[PDB]
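As structure tokens, one chain now follows by itself in the form deposited in one PDB entry.
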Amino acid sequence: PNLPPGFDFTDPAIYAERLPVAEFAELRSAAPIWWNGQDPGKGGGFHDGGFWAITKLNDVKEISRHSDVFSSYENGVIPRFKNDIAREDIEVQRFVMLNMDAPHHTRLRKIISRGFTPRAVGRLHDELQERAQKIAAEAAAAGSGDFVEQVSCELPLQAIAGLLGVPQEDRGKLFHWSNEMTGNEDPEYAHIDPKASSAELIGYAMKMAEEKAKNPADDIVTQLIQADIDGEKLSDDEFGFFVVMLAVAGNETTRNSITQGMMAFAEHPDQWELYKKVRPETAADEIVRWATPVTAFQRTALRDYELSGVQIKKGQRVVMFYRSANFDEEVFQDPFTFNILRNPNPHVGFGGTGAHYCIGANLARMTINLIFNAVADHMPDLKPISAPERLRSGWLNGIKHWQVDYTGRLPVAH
């Protein structure tokens, strides 16, 4: 393919500036499974010399379905850390369900599923709609400001707190810990240590589990720590690892779907007018496909496996570029058109179908719908002031800041 020598699709220096949309398109056309070599020292923590870049949706689905071959546990799913990360800090990811394989994954996923039933998630609708309205109103009253802080950040965190029944007076500290826990290489956050925040959150969660076992209630935490008919339940530490997992899994991801959904609405005012008018049930999925908050997750082959004519060898990493797959011209009609009516929309922003497919997908869609309803109600005319500031990460597609005029009336500053 026509790519610069040395090009690495996991390079956080790319994403601090842009999404490499042209280069993904070049691989889908010229080399849809492509060996991305990595130089000595520059492996993002993996010392294997490179990985297979997976760029087509059908191949992302195939890998995702064949979890008996393509393991999450062996090297975890994050394809990029600081280059000098210790191996034990990659392996500590195995304590959370996202980085487990069957059969251990299968048991935990069945228990954790109790928290994500339609009823469990449905129960959060009213508090989240009230909060979404309050968020948007307060931002509108500020006139202008950082959309990421003032509109995108809070609701995903309130969804996690509501789910876990975190007392109101504990939410600031919970959110503080959570916001320190999705590591990145961004110089703006170079002073933060995820490990200490993670240990505080796990201890807080374990105390909650102990208390709820003693005073069970009609809530999701009680369901998780009480034995079902098969005797299965989360131990206290397992409950702590579930909370730690959510603090990353359901935080920056939904946050970025909100920021980048609004960026797409600013870029496509026809879609924003359509949205405000009809508030269509298909909008959240198009927002997720367009935002693709997780650029990529990886797997490791547990045996040689041929994928679309390419021999993957045992031990090699494959990196599923959801950012590429979600724009695959053989699966979507006009993938580079932002269309909030798109249906079907077989995007992989929540992963390919398979064991690990996002268990929070419906909660995330509800979050997105409630906050955009509130934005439509309170700041229908909002206009950006300056360009988004992207996050330096080689796997998360993040926006740190985006200055916006909620009134739409401020004139151009010179």
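We call the rigid core the largest set of C-alpha positions that still match within 1.5 Å between the two forms. A residue's number is simply how far along the shown sequence it sits, counting from 1.
Asks: If you look at the other compared entries where the surrounding residues are built, does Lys214 lack coordinates in a third or more?
Replies: Across the compared entries, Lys214 is left out in at least a third.
Asks: Given the other compared entries that model the residues flanking it, would you say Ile202 is unmodelled in at least one third?
Replies: Per the records, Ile202 is modelled in all the other entries.
Asks: Highest mean C-alpha temperature factor of the two stretches 176-184 and 76-84, which is it?
Replies: Per the PDB record, 176-184.
Asks: Decide which of the stretches 326-334 and 268-276 has the higher mean C-alpha B-factor, going by the entry.
Replies: The recorded data point to 268-276.
Asks: Can you tell me which of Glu138, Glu91, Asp236, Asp304 has the highest Cα temperature factor in the record?
Replies: Checking the PDB record, the top C-alpha B-factor among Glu138, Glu91, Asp236, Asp304 is at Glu138.
Asks: From the list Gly143, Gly261, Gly240, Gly162, select the residue with the highest C-alpha B factor recorded in the entry.
Replies: Most elevated C-alpha B-factor of the set, per the entry: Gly143.
Asks: Ranking the modelled residues of this chain by C-alpha B-factor as given in the entry, is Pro293 in the lowest, middle or highest third?
Replies: It belongs to the lowest third of the chain when residues are ordered by C-alpha B-factor.
Asks: Could you place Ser197 in the lowest, middle or highest third of its chain by Cα temperature factor, using the values in the record?
Replies: Highest third.
Asks: Please place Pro32 in the lowest, middle or highest third of its chain according to the CA B-factor in the PDB entry.
Replies: It belongs to the middle third of the chain when residues are ordered by C-alpha B-factor.
Asks: Quick check on the deposited entry: does the C-alpha B-factor of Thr282 sit in the lowest, middle or highest third of its chain?
Replies: As the PDB entry reports it, the C-alpha B-factor of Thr282 lands in the highest third of its chain.
Asks: Taking the values exactly as deposited, rank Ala16 by C-alpha B-factor within its chain and report the matching third: lowest, middle or highest.
Replies: Lowest third - that is where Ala16 ends up once the chain's C-alpha B-factors are sorted.
Another form exists, deposited in another entry; not displayed. Remarks below refer to it.
Asks: Fit the core first: which of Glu88, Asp218, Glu306, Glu169 then shifts its CA by 2 Å or more between the shown form and the other one?
Replies: The listed residue whose C-alpha shifts by at least 2 Å is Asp218.
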